[PDB]
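Containing mmCIF, C-alpha atoms and all ligand atoms: my_file_17.cif.
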```
data_data
#
loop_
_atom_site.label_atom_id
_atom_site.label_comp_id
_atom_site.auth_asym_id
_atom_site.auth_seq_id
_atom_site.Cartn_x
_atom_site.Cartn_y
_atom_site.Cartn_z
CA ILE Q 1 0.00 0.00 0.00
CA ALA Q 2 2.79 2.41 0.89
CA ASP Q 3 4.13 2.09 -2.65
CA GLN Q 4 1.31 3.85 -4.42
CA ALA Q 5 0.77 5.84 -1.23
CA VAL Q 6 4.13 7.60 -1.44
CA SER Q 7 3.85 7.81 -5.22
CA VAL Q 8 0.57 9.72 -5.07
CA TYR Q 9 1.90 11.80 -2.19
CA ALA Q 10 4.82 12.90 -4.35
CA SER Q 11 2.49 13.59 -7.27
CA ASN Q 12 0.06 15.75 -5.30
CA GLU Q 13 2.98 17.45 -3.57
CA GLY Q 14 4.30 18.36 -7.01
CA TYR Q 15 7.39 16.33 -6.14
CA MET Q 16 7.23 14.93 -9.65
CA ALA Q 17 6.58 18.09 -11.71
CA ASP Q 18 10.18 18.95 -10.84
CA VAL Q 19 12.21 15.90 -11.89
CA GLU Q 20 13.02 14.47 -15.30
CA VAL Q 21 10.18 13.17 -17.49
CA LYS Q 22 11.89 9.89 -18.38
CA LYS Q 23 13.60 9.50 -15.00
CA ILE Q 24 10.16 9.53 -13.33
CA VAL Q 25 9.86 5.75 -13.05
CA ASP Q 26 13.52 5.32 -12.14
CA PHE Q 27 13.12 7.85 -9.34
CA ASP Q 28 10.02 5.94 -8.30
CA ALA Q 29 11.71 2.55 -8.04
CA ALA Q 30 14.82 3.95 -6.39
CA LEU Q 31 12.52 5.73 -3.95
CA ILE Q 32 10.87 2.44 -3.09
CA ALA Q 33 14.31 0.96 -2.51
CA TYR Q 34 15.48 4.00 -0.50
CA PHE Q 35 12.50 3.85 1.81
CA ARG Q 36 11.93 0.11 2.20
CA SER Q 37 15.61 0.01 3.13
CA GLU Q 38 15.74 2.98 5.50
CA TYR Q 39 12.07 3.25 6.45
CA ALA Q 40 11.14 -0.44 6.42
CA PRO Q 41 9.56 -0.26 9.91
CA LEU Q 42 7.66 2.84 8.78
CA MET Q 43 6.03 1.28 5.74
CA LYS Q 44 5.57 -1.99 7.60
CA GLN Q 45 3.58 -0.12 10.23
CA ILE Q 46 1.53 1.86 7.77
CA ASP Q 47 0.64 -1.01 5.44
CA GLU Q 48 -0.19 -3.29 8.36
CA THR Q 49 -2.88 -0.76 9.35
CA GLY Q 50 -4.23 1.18 6.39
CA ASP Q 51 -4.61 4.26 8.60
CA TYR Q 52 -2.80 7.57 8.13
CA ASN Q 53 -1.48 9.97 10.75
CA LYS Q 54 0.08 13.35 10.10
CA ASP Q 55 3.41 12.48 11.73
CA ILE Q 56 3.52 9.60 9.26
CA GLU Q 57 3.40 12.01 6.33
CA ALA Q 58 6.01 14.09 8.16
CA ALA Q 59 8.29 11.06 8.01
CA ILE Q 60 7.21 10.63 4.39
CA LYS Q 61 8.31 14.11 3.38
CA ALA Q 62 11.50 13.71 5.40
CA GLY Q 63 12.25 10.67 3.28
CA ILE Q 64 11.19 12.71 0.25
CA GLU Q 65 13.86 15.32 0.88
CA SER Q 66 16.49 12.72 1.79
CA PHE Q 67 15.93 10.70 -1.39
CA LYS Q 68 15.69 13.80 -3.58
CA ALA Q 69 19.09 14.57 -2.10
CA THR Q 70 20.13 11.16 -3.48
CA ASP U 1 39.36 39.97 -2.51
CA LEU U 2 42.08 37.58 -3.67
CA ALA U 3 42.48 36.19 -0.16
CA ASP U 4 38.71 35.79 0.19
CA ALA U 5 38.54 34.17 -3.25
CA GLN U 6 41.12 31.54 -2.34
CA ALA U 7 39.31 30.93 0.96
CA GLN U 8 36.00 30.30 -0.80
CA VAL U 9 37.76 28.14 -3.41
CA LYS U 10 38.95 25.84 -0.64
CA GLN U 11 35.54 26.04 1.04
CA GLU U 12 33.79 24.78 -2.10
CA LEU U 13 36.49 22.20 -2.88
CA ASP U 14 35.93 20.56 0.49
CA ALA U 15 32.17 20.48 -0.11
CA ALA U 16 32.70 18.90 -3.53
CA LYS U 17 34.84 16.18 -1.98
CA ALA U 18 32.29 15.58 0.78
CA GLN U 19 29.38 15.27 -1.66
CA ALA U 20 31.36 12.92 -3.90
CA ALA U 21 32.03 10.76 -0.85
CA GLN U 22 28.35 10.76 0.16
CA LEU U 23 27.21 9.78 -3.32
CA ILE U 24 29.78 7.01 -3.74
CA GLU U 25 28.96 5.49 -0.36
CA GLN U 26 25.17 5.68 -0.76
CA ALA U 27 25.04 4.21 -4.26
CA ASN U 28 27.37 1.35 -3.36
CA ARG U 29 25.31 0.40 -0.30
CA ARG U 30 22.15 0.42 -2.40
CA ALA U 31 23.72 -1.77 -5.08
CA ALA U 32 25.07 -4.23 -2.50
CA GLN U 33 21.65 -4.60 -0.90
CA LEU U 34 20.20 -5.08 -4.39
CA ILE U 35 22.60 -7.95 -5.02
CA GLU U 36 21.96 -9.52 -1.60
CA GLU U 37 18.20 -9.56 -2.08
CA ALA U 38 18.47 -10.87 -5.64
CA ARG U 39 20.60 -13.80 -4.48
CA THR U 40 18.19 -14.63 -1.66
CA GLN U 41 15.22 -14.46 -4.03
CA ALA U 42 16.69 -16.74 -6.68
CA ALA U 43 17.89 -19.22 -4.07
CA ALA U 44 14.37 -19.48 -2.62
CA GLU U 45 13.08 -19.87 -6.16
CA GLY U 46 15.47 -22.78 -6.63
CA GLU U 47 14.25 -24.59 -3.54
CA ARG U 48 10.65 -24.02 -4.62
CA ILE U 49 11.51 -25.51 -8.02
CA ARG U 50 12.96 -28.58 -6.35
CA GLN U 51 9.87 -28.91 -4.17
CA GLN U 52 7.96 -28.94 -7.45
CA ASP T 1 37.16 36.73 -11.84
CA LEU T 2 38.87 34.03 -13.91
CA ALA T 3 39.73 32.22 -10.66
CA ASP T 4 36.05 32.31 -9.71
CA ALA T 5 35.01 30.39 -12.86
CA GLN T 6 37.37 27.30 -12.64
CA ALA T 7 35.97 26.37 -9.24
CA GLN T 8 32.54 26.02 -10.78
CA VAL T 9 33.96 23.86 -13.57
CA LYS T 10 35.51 21.48 -11.04
CA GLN T 11 32.23 21.23 -9.18
CA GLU T 12 30.41 20.55 -12.48
CA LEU T 13 33.04 17.93 -13.27
CA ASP T 14 32.21 15.91 -10.14
CA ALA T 15 28.82 15.20 -11.80
CA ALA T 16 30.69 13.18 -14.43
CA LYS T 17 32.23 11.00 -11.71
CA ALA T 18 28.76 10.44 -10.21
CA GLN T 19 27.50 9.39 -13.66
CA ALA T 20 30.50 7.06 -13.99
CA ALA T 21 29.65 5.36 -10.69
CA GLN T 22 26.21 4.54 -12.12
CA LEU T 23 27.84 2.72 -15.03
CA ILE T 24 29.70 0.55 -12.51
CA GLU T 25 26.45 -0.27 -10.73
CA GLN T 26 24.66 -1.05 -14.01
CA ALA T 27 27.40 -3.37 -15.26
CA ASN T 28 27.55 -5.14 -11.90
CA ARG T 29 23.78 -5.64 -11.74
CA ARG T 30 23.79 -7.03 -15.27
CA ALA T 31 26.53 -9.46 -14.25
CA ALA T 32 24.57 -10.43 -11.13
CA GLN T 33 21.40 -11.19 -13.07
CA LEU T 34 23.35 -13.09 -15.73
CA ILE T 35 24.81 -15.19 -12.92
CA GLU T 36 21.28 -15.61 -11.57
CA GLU T 37 20.04 -16.92 -14.92
CA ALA T 38 23.06 -19.20 -15.32
CA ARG T 39 22.47 -20.84 -11.96
CA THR T 40 18.76 -20.93 -12.81
CA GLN T 41 19.47 -23.09 -15.84
CA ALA T 42 21.93 -25.04 -13.69
CA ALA T 43 19.12 -25.85 -11.27
CA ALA T 44 17.10 -26.83 -14.33
CA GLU T 45 19.84 -29.28 -15.30
CA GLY T 46 19.93 -30.70 -11.78
CA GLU T 47 16.18 -31.23 -11.98
CA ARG T 48 16.73 -32.92 -15.34
CA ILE T 49 19.27 -35.23 -13.67
CA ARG T 50 16.50 -35.99 -11.20
CA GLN T 51 14.40 -36.85 -14.24
CA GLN T 52 16.90 -39.46 -15.43
CA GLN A 1 -6.10 -5.19 -3.65
CA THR A 2 -5.01 -5.71 -7.24
CA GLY A 3 -1.26 -5.23 -6.86
CA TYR A 4 -1.59 -2.16 -9.07
CA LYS A 5 -1.22 1.58 -8.87
CA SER A 6 -3.55 2.50 -11.71
CA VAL A 7 -6.21 0.00 -10.72
CA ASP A 8 -6.19 0.00 -6.94
CA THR A 9 -6.21 3.78 -6.78
CA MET A 10 -8.45 5.27 -9.44
CA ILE A 11 -10.83 2.34 -9.67
CA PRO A 12 -11.45 0.85 -6.22
CA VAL A 13 -12.77 -2.71 -6.10
CA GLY A 14 -14.06 -4.16 -2.84
CA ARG A 15 -15.10 -7.60 -1.70
CA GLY A 16 -18.15 -8.90 -3.53
CA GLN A 17 -18.27 -6.30 -6.28
CA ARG A 18 -18.86 -7.34 -9.85
CA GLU A 19 -16.71 -5.51 -12.38
CA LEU A 20 -16.31 -6.39 -16.04
CA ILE A 21 -12.98 -6.12 -17.81
CA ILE A 22 -13.21 -5.26 -21.49
CA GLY A 23 -10.60 -4.82 -24.18
CA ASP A 24 -9.18 -6.26 -27.39
CA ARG A 25 -7.01 -9.25 -28.28
CA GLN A 26 -3.48 -9.28 -26.82
CA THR A 27 -4.03 -5.99 -24.98
CA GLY A 28 -3.73 -7.25 -21.41
CA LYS A 29 -7.06 -8.53 -20.11
CA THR A 30 -6.23 -11.67 -18.13
CA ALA A 31 -2.73 -10.82 -16.90
CA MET A 32 -4.58 -8.25 -14.79
CA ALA A 33 -6.87 -10.75 -13.11
CA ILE A 34 -3.93 -13.09 -12.61
CA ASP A 35 -2.00 -10.38 -10.78
CA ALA A 36 -5.06 -9.67 -8.66
CA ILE A 37 -5.24 -13.34 -7.69
CA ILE A 38 -1.55 -13.50 -6.82
CA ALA A 39 -2.12 -10.49 -4.59
CA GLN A 40 -4.63 -12.49 -2.59
CA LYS A 41 -1.95 -14.98 -1.62
CA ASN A 42 -1.29 -13.38 1.75
CA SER A 43 -4.94 -12.41 2.25
CA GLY A 44 -6.01 -16.04 2.20
CA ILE A 45 -9.37 -15.19 0.63
CA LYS A 46 -11.17 -17.72 -1.54
CA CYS A 47 -10.14 -17.40 -5.18
CA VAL A 48 -11.28 -19.49 -8.14
CA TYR A 49 -11.22 -19.04 -11.91
CA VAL A 50 -12.89 -20.70 -14.91
CA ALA A 51 -11.45 -21.26 -18.36
CA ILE A 52 -14.13 -20.95 -21.01
CA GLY A 53 -13.54 -22.08 -24.57
CA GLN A 54 -9.89 -21.13 -25.02
CA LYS A 55 -6.71 -22.79 -26.18
CA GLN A 56 -5.30 -25.49 -23.93
CA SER A 57 -1.87 -23.98 -24.58
CA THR A 58 -3.03 -20.79 -22.91
CA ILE A 59 -4.53 -22.98 -20.21
CA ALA A 60 -1.32 -24.80 -19.32
CA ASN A 61 0.52 -21.49 -19.47
CA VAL A 62 -1.79 -20.08 -16.82
CA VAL A 63 -1.43 -23.27 -14.81
CA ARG A 64 2.36 -23.41 -14.92
CA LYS A 65 2.44 -19.77 -13.89
CA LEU A 66 0.14 -20.51 -10.95
CA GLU A 67 2.08 -23.46 -9.59
CA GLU A 68 5.25 -21.48 -10.17
CA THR A 69 3.72 -18.93 -7.82
CA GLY A 70 2.50 -21.81 -5.69
CA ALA A 71 -0.83 -19.99 -5.69
CA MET A 72 -2.51 -23.17 -6.90
CA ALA A 73 -2.89 -24.34 -3.32
CA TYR A 74 -5.53 -21.91 -2.07
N1 LIG Q 101 2.42 -4.93 -17.39
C1 LIG Q 101 2.76 -5.46 -18.57
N2 LIG Q 101 3.85 -5.04 -19.18
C2 LIG Q 101 4.16 -5.59 -20.38
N3 LIG Q 101 3.47 -6.51 -21.01
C3 LIG Q 101 2.34 -6.96 -20.41
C4 LIG Q 101 1.97 -6.43 -19.17
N4 LIG Q 101 0.84 -7.03 -18.81
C5 LIG Q 101 0.51 -7.91 -19.78
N5 LIG Q 101 1.42 -7.87 -20.76
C6 LIG Q 101 1.47 -8.61 -21.96
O1 LIG Q 101 0.25 -8.51 -22.65
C7 LIG Q 101 0.33 -9.62 -23.59
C8 LIG Q 101 -1.05 -9.96 -24.11
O2 LIG Q 101 -1.90 -10.35 -23.00
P1 LIG Q 101 -2.24 -11.89 -22.80
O3 LIG Q 101 -1.69 -12.69 -23.96
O4 LIG Q 101 -1.61 -12.39 -21.49
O5 LIG Q 101 -3.89 -12.09 -22.73
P2 LIG Q 101 -5.16 -11.27 -23.43
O6 LIG Q 101 -4.85 -9.78 -23.45
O7 LIG Q 101 -6.41 -11.51 -22.65
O8 LIG Q 101 -5.37 -11.80 -24.97
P3 LIG Q 101 -6.17 -13.10 -25.61
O9 LIG Q 101 -7.31 -12.60 -26.47
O10 LIG Q 101 -5.20 -13.93 -26.47
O11 LIG Q 101 -6.72 -13.95 -24.49
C9 LIG Q 101 0.91 -10.79 -22.80
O12 LIG Q 101 1.77 -11.56 -23.64
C10 LIG Q 101 1.66 -10.10 -21.66
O13 LIG Q 101 3.06 -10.42 -21.64
MG MG Q 102 -6.98 -13.79 -22.56
#
```

Go ahead and express the file in the form of structure tokens.
Amino acid sequence: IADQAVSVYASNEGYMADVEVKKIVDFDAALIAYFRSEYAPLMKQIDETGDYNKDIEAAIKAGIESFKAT
Amino acid sequence: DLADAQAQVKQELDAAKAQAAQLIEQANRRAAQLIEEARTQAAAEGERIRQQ
Amino acid sequence: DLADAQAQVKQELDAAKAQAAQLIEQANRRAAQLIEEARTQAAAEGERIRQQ
Amino acid sequence: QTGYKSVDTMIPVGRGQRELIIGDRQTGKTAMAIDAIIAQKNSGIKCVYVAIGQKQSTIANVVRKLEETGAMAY
């Protein structure tokens, strides 16, 4: 669930209207790797529940900035 | 101005080295984890094949 | 002013090294998956030996 | 869950809903349902499919894929 969750988050946050057209999907997959490596407890927790909390999206955007840095 | 220019040259050189280090470490860790997980996956696939 | 430009060129140049690292990762992943397929067909041959 | 982004998001499908899939030949009509089924592996829900007047080659392809997944146990 977190996969498409973070994808749509990035889209709505305009986090995609900024990066390369073709590189979109590459960024996506590398983002999945980035997070499920670093944030594996985070996505585990969120997908085990299906509920969202604001601090969760805070962690999400933190990961957003960290991966955009990478 | 010349003294300040050399100072900022060194200041940016150090940052360039640091960022190169960060990139080279991060990418290598990601690739290594990639390889690890691929090996585990295909091994498990092999045992499943033999169960078949 | 000339001194100011060269620093930017070096910083721009690091980008090339970052791109180069990616080639390493790509070649290594291709090798890893080729190895994966080779041992896949090897497991296939072992299963064939089971068939005999 | 359908194991998709396009599907699961823009077109929700819940338990018990009927939803036709329509398209042309070799355009990706079954592969979608197959993925959906494989998704249900962990869920443990009841899943069952019927082949209706198609080529046995296609049949055995589907089969071999399923047992490859090991899905053909639930
Ligand atoms: N996500 C995908 N990416 C690339 N190719 C895909 C994808 N999904 C399905 N396909 C391809 O679509 C091709 C055509 O679909 P498929 O042959 O599986 O059944 P179909 O669309 O229902 O057609 P038919 O009328 O023969 O039953 C398949 O060979 C499959 O590899
Ligand atoms: Mg079909």

Pick out the residues no farther than 12 Å from ligand MG 102 (chain Q), counting only C-alpha atoms and all ligand atoms, and list them as a PyMOL selection string.
chain A and resi 21-34+50-59+61-62

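RMSD over all C-alpha atoms, after superposing chain U onto chain T with atoms paired in order, amounts to 1.8 Å.
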
CA of residue 9 in chain U to CA of residue 4 in chain T measures 7.7 Å

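Using all atoms listed in the file for every distance, the candidate list A:65, A:13, A:40, A:45 yields A:65 as the residue closest to ligand LIG 101 (chain Q).
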
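Among the candidates Q:53, Q:67, Q:14, Q:25, the one nearest to residue 38 in chain Q when counting only C-alpha atoms is Q:67.
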
Centre, edges in Å (one decimal): axis-aligned box, ligand LIG 101 (chain Q), 5 Å padding on all six sides, as lines of an AutoDock Vina configuration file:
```
center_x = -1.6
center_y = -9.4
center_z = -21.9
size_x = 21.5
size_y = 19.0
size_z = 19.1
```

If we count only C-alpha atoms and set the cut-off at 7 Å, which residues sit around range 31-45 of chain U, ignoring sequence neighbours fewer than 4 positions away in its own chain? Please answer as a count of residues only.
5

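If you take only C-alpha atoms and a cut-off of 9 Å, the residues of chain Q that reach chain U are residues 33, 34, 37 and 70 of chain Q.
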